[PDB]
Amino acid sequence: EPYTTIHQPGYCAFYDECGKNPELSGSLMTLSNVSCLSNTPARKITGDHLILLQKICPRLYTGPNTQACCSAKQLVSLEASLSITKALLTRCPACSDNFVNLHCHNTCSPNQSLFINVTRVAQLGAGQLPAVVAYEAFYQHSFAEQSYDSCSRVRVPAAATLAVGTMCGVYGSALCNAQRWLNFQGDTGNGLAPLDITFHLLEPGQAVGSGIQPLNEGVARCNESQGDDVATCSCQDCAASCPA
């Protein structure tokens, strides 16, 4: 049985929280619940749900007329599981923003079903909708490379250690990669992800005829300022901010 049959704009892959991930062994306190399979049109985001979305996924706030594919409950689970990594990237807010937006789209994008295809589900309760336990994210290769490049040189708070090296499994910083960096982030055995995420980093010639449209969102360059702040990550954290 297919789980994500409608791959359309304005259409979600999953919506709401279903509960604990059964494949995750009771070893470290799980900070996230898992999502309910819901290949349905995106929701209009209002009230409290708006503020959360605005604060947790700023780049997905599109004015009073906002649509998204994550409930209020899902946004709390999002920030919970991002808290660990967000801490490592507090030197360079642009890279931090990029990392967060990468997962925000995966969970909240009103178009998520175009680049997300759930592969495995689990029935958590009786009468309840099935729970999404594994999915694959389709990204454009350049979007992934640009996201990784903005973070590849960031230092850990008050240290010289590179943050991506603390996030690339058996590969160090030297061997680390846009592909592998993401592979770690969607890996259960690496104790980071709440569920199995499979990252496919495609070039246009691969996505042709797939019936899928890979994510190609704008990624902030750390040598450029965001909004009206007029502030940029240092040359030690950002190769593009050099010469200093």
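Numbering starts at 1 and follows the sequence shown.
Per-stretch averaging of Cα B factors for 179-187 and 37-45 places 179-187 on top. With 113-121 and 163-171 compared on mean CA B-factor from the PDB entry, the stretch scoring higher is 163-171.
You'll see in the entry that, of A137, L102, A126, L75, the Cα B factor peaks at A126.
The PDB entry assigns its highest CA temperature factor, among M29, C57, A68, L215, to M29. Split the chain's modelled residues into thirds by C-alpha temperature factor. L202 is in the middle one. The deposited CA B-factor of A94 belongs to the middle third of values across its chain. The entry lists a Cα temperature factor for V208 that places it in the middle third of the chain's modelled residues. When the CA B factors of the chain's modelled residues are split into thirds, the value for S241 lands in the highest one. Among the modelled residues of its chain, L24 has a C-alpha B-factor that falls in the highest third, as given in the PDB entry.
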